[PDB]
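Chain A is the first sequence line, chain B the second, and so forth, proteins listed ahead of strands; every chain is numbered from 1. In listed order, ligands and their atoms are each counted from 1.
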Amino acid sequence: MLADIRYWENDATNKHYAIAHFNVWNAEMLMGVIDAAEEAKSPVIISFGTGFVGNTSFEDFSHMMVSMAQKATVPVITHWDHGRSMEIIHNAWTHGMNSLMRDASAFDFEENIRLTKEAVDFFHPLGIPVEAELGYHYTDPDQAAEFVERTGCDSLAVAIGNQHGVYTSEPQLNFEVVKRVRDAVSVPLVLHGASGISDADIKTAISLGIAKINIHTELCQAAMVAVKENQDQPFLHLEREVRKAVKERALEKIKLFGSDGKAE
Amino acid sequence: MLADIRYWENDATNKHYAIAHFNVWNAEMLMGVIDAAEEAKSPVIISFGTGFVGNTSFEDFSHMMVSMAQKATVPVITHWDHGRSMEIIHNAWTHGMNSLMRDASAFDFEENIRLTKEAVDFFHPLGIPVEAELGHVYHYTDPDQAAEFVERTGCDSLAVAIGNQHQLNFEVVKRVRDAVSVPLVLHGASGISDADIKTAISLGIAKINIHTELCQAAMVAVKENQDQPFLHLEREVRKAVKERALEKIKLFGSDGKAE
Amino acid sequence: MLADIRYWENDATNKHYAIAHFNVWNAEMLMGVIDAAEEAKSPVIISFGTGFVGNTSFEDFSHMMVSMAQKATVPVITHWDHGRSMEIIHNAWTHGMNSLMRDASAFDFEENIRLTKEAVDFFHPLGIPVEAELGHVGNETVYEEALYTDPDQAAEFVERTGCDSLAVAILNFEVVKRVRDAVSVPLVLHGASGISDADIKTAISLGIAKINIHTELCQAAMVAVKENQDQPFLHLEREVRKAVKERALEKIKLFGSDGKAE
Amino acid sequence: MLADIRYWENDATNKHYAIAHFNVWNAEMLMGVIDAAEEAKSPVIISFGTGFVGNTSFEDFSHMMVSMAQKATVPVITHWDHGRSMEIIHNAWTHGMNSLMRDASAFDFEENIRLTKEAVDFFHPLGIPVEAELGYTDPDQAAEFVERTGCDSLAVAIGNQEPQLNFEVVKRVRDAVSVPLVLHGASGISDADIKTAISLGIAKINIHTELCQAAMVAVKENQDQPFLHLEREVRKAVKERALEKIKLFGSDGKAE
Ligand SMILES: [Cl-]
Ligand SMILES: [Cl-]
Ligand SMILES: [Zn+2]
Ligand SMILES: [Zn+2]
Ligand SMILES: [Zn+2]
Ligand SMILES: [Zn+2]
Ligand SMILES: [Zn+2]
């Protein structure tokens, strides 16, 4: 069923688990993620973003995202990740994304506030929540508080020692930063990128207030193992294996983040 | 735009070309086919059937098929292939397929007629065309049976068995063409030679179902991209499907025919 | 269920009945007509046209029309009446009308053909049928006209346009006879109000397969409005729906389309 | 455009206006209300409920409600009024109502909580707001009811059904509760008393049968006219009455 990310991130915060965010841009990725969330009885976020528009017609594929979200027996949030403009996130909303992210973190602090608040002020009247982002430079607790209070954003992606994407040496999460940002900010905390982080450290960060974690690369890599294994098989067989591989990886992330069982 | 297969198969029959029927069951196959038909300014048929339901949720993927069909600038027919029950083709129709095949070709002549006519009599009042099959694709079509079959069922088009298989006997096509006037359909045309396809079209084949060849084109891209990032591999699959669909559209003579 | 007017007008022709075309432009009119068709087990045509766009938002109301047509257990055709332009009938198609009339009958013969054929050539590739109209194109002297559709002109018109059905200007049964003999498509009657029951039945026996109801539902509704003018609005509007049902049932039965959906 | 009643009730609360809720169950009622809201540049609530399901096919009419709500240039909330069961409001939600009322006010306090909480607990994970009703409403029961149910707004009994309002009830409930207050059964309350009630915290007012009454005046005025004209006059009468309520309640201009 189409789910509200405010309710579910609140639940995750309060019960000390995190919701997995999966970027899905084709049929097998979408089906594999929904298979995992049904099997685990877990809320889940399915996301599209501008990085996939060269691969897949969002305006058409969104119909399949929304249909599967509606028909699922578990909570499914349809999300637009890393929104680069008002028109892009408006187009996401008109095509049935019920959760949006406006990423203005590349801009100076005041311009990040202005652009984020613009999105909030447009979408709150429509009932649509807006995730924002504020950027080793750790997120500062007092700046995070000011940012959230001033924008009215519904969730905040933070820098806690995690790498947004690729890493050199093992990221070291600063758990004191997590605690202090959690205490300063009234909305749920989000991580964009958790690669290279140990299971024990992910679990600690979740226990201290991380309520949503974006999986950016791992489904693609899990899929490619199935592609490579099945490169001499019929296409139909290869795609059945790609779906299963995606399901297995999504299930691993759901169990690691503690969201299994939380739908019921 | 959602298009009427009766209009387009008539056009094809009268102008001596064939409409390509492509089996699509995931995002890249669908997108690649639509890419080809847009580029070639061609009518096209996009098809799903029971052989794909283990791979893809038709009830959800149908929304993407219908969306792309409606928004395309070329004629797109949404077709349910090899329908072995009223229930499955009724499900297809409620999910936006605007052309149906009722395939009762596994049965004896009388029972094929009764089952086919059942589908025709349900769907014609709803404006939905029904393709039928006489011959199993093995059992070759008999021309005198064909005349009677089309007359009794009222089917809109007839899939024939002329050596085509999911050898090739052009005498059979020739005799069937003189026994019935409805458009003729060729299943299992992946791996028939270019010259034999042109011959079949000149003798009255007006729709040609391509299944395996898109799967083959995809797997070529897979083997060429097996060490690549998944996003890139999938762009290459879509591109490979487009190029193979384009090849078939031009072979069949449907390029340009949308204008 | 959304139904094909070609199939049903062919059925009507071959079994010597006519399908009722009801103009509906609000909720109680739509619901009464569907109530009638369901009770009578009859195909029915529900129509909107330009004459109502100032009363009701077509683009919004169309959604209720299509929904009711889909969910009905009887055949329901969604039809755009008297289409005055390609833009108007295109707008009708994108809002779920599955049957169109392109009415170019006010123009000279060749211009009627050109405008009608334009609609047919656009909409046949999309599977959408087009009803056309040909009135009296007079070969007679101006003096004799002081003292109506020609069958030969009708055959040329249908052949050149490819239209799926033809509205004809006819009470004069010769004209119905001669046009029926000359054209291969179903015949349609507009402006039948006040034709006697007996003559309607004769027109249908001779080849009329669809009959457009004019203001009869409107008048049926206003009898209920008058009767309920001191009642609460919810009660009044229920009686309007019932009055529309009753008038619609009367036409369906007169036309012989009751039972024809089975 | 389809609007969130929580946002708009919050706006009304903070700016001391109320949003009109209009019960609409046919084409002319819906169009006249949307006409008024557009002309006044006002948020509006359009509502259906069980009382109208025999007259009008909700499952079909809902498509026209939703289409008009989406296309409107002003905020339009699609609301199911006086929801009598989980099944009924679930059906409302599946046909595009984005705001629900669960009315368990027939029942004593504990049972009203339980039934209301059942609705909140089902619909909040779907992002759907639930209005409830309690009731004079007692301010301590109001605070406890809101806290225990998690409902998003509360319909209160202040002397509404010559109706004399107790304004002290509105003030004390406003102060005890953190959600917006709603008034049902406003008929016959004076303009001055409505304004006073809004000033003290009433943020949404349900228009009971005043559109129906306006429509019937058009009916009596047009009994000898053709149906197309009568219906133009009904739509115009609805528009006029809805505009009068929007202006009384102060929501004119609040959409921009
Ligand atoms: Cl600010
Ligand atoms: Cl038979
Ligand atoms: Zn980011
Ligand atoms: Zn086949
Ligand atoms: Zn007429
Ligand atoms: Zn006319
Ligand atoms: Zn109440």
Side-chain angles (χ1 to χ4, degrees), chain B residues 20-23 45 47-52 79-84 99-121 131-138 141 145 147-155 157-166 184-192 205 207-215, chain D residues 21 23 47 49-51 79-84 100-107 112 116 130-135 137 151 153-158 160 181-187 202 204-209:
Chain B
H21 156 145
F22 293 109
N23 294 296
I45 296 154
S47 189
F48 203 99
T50 287
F52 310 143
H79 182 80
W80 190 272
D81 202 5
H82 284 297
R84 287 182 269 287
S99 166
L100 300 172
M101 187 194 190
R102 185 67 181 77
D103 179 8
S105 67
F107 291 90
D108 58 86
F109 187 61
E110 284 298 312
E111 184 69 350
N112 188 3
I113 292 176
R114 181 177 74 75
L115 292 171
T116 296
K117 184 177 190 299
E118 176 177 49
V120 171
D121 290 341
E131 181 190 304
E133 177 163 327
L134 179 63
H136 1 286
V137 291
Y138 203 87
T141 312
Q145 271 193 358
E148 181 174 350
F149 181 87
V150 173
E151 174 76 20
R152 289 167 65 188
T153 61
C155 62
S157 59
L158 184 68
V160 296
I162 69 169
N164 53 307
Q165 207 167 166
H166 299 130
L184 300 184
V185 183
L186 195 70
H187 282 244
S190 294
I192 299 174
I205 295 303
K207 164 191 182 273
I208 301 171
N209 297 24
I210 298 297
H211 173 207
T212 297
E213 286 223 22
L214 293 192
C215 300
Chain D
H21 158 144
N23 299 303
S47 186
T50 291
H79 182 82
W80 186 273
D81 190 34
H82 285 104
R84 300 293 179 192
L100 303 172
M101 178 192 192
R102 183 67 176 85
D103 177 11
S105 68
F107 300 100
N112 187 358
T116 299
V130 180
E131 177 191 306
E133 185 157 9
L134 180 63
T137 303
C151 65
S153 61
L154 187 68
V156 295
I158 63 169
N160 49 310
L181 302 187
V182 177
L183 194 64
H184 298 183
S187 355
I202 295 310
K204 172 188 177 272
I205 301 172
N206 295 29
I207 304 309
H208 180 25
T209 38

Worksheet item: Applying the ring pair (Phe, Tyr, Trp, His ring centres under 6.0 Å) test to B:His82, which of B:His187, B:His211, B:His21, B:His136 qualifies?
Response: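 Checked B:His187, B:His211, B:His21, B:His136 against B:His82; only one passes ring pair (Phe, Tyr, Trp, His ring centres under 6.0 Å): B:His187.
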
So which N/O/S atom does [X] have closest to the Zn ion (ligand 7)?
X: D:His82; answer: NE2
X: D:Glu133; answer: OE1
X: D:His184; answer: ND1

Discussion item. Would you say CD of B:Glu111 has more than 12 non-hydrogen atoms from neighbouring residues, nucleotides or ligands within 6.0 angstrom?
Written reply: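 Yes - once you tally the heavy atoms of other residues, nucleotides and ligands closer than 6.0 Å, there are more than 12.
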
Discussion item. Between B:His211 and the Zn ion (ligand 4), is there a contact where an N/O/S atom of the residue lies under 2.8 Å from the metal?
Written reply: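 Not a single backbone or side-chain N, O or S atom of B:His211 is under 2.8 Å from the Zn ion (ligand 4).
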
Worksheet item: How far does CG of B:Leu134 sit from CZ of B:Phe109, to the nearest 0.5 angstrom?
Response: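 Answer for the CG-CZ pair, B:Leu134 versus B:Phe109, is 6.5 Å.
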
Worksheet item: Closer than 2.8 Å to the Zn ion (ligand 7), do we get an N, O or S atom from D:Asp103, backbone or side chain?
Response: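 For D:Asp103, the answer is no, given that no N, O or S atom comes within less than 2.8 Å of the Zn ion (ligand 7).
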
Worksheet entry | N/O/S atom name from B:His166 that is nearest to the position of the Zn ion (ligand 4) |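 So the atom name we want here is NE2.
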
Worksheet item: Are B:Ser99 and B:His79 close enough that a side-chain donor and a side-chain acceptor fall under 3.5 Å?
Response: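 The criterion, which ignores hydrogens and geometry beyond distance, is satisfied for B:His79 and B:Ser99.
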
Item to complete: Could you pull out the closest heavy-atom pair between B:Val150 and B:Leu158, with the gap in Å?
Response: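 Looking at all heavy atoms of both residues, the closest pair is CG2-CD2, 4.2 Å.
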
